[PDB]
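Here is the structure we will look at, set down as structure tokens.
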């Protein structure tokens, strides 16, 4: 239900 | 069961970790094999409780970007 970030 | 990981970016500035915000938490969604993230034992389903000593429950993407993509990163993991 929310964001995705690649680090 | 709380652990701390202290990560070092690779030669290209990357960690190999994908994080996902899903109702009431930040979780590890994918760890690239043979990355700094895999070397400190991060795995799918790990919950990230703190990033650089700050509680990150409910953080927006902007806040995470600011903190994580503004060469040491620390996370508290459950």
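Protein chains in written order, with the deposited numbering: chain D, 1 to 7; chain A, 14 to 83, 87 to 94. Idealized CB from N, CA, C, for every residue including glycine.
Between residue 70 of chain A and residue 37 of chain A, the C-beta spacing is below 8 Å.
Remark: C-beta atoms of residue 41 of chain A and residue 2 of chain D do not approach each other more closely than 8 Å.
Looking at the backbone, the Cα of residue 24 of chain A and that of residue 94 of chain A are separated by about 28 Å. For the segment 30-47 of chain A, residues whose beta-carbon sits nearer than 8 Å to a beta-carbon of chain D comprise 30, 31, 32, 33, 34, 35, 36 and 42. Separation of the CB atoms of residue 91 of chain A and residue 61 of chain A is rounded to 5 Å, and the pair is thereby assigned contact status at 8 Å. With 16 or more other Cβ atoms inside 10 Å of its own Cβ, residue 59 of chain A counts as buried. Annotation for residue 57 of chain A: 41, 42, 43 and 44 place their beta carbon closer than 8 Å to its own, counting only its chain and skipping 5 residues before and after. A distance of 8 Å or more separates the beta carbons of residue 81 of chain A and residue 49 of chain A.
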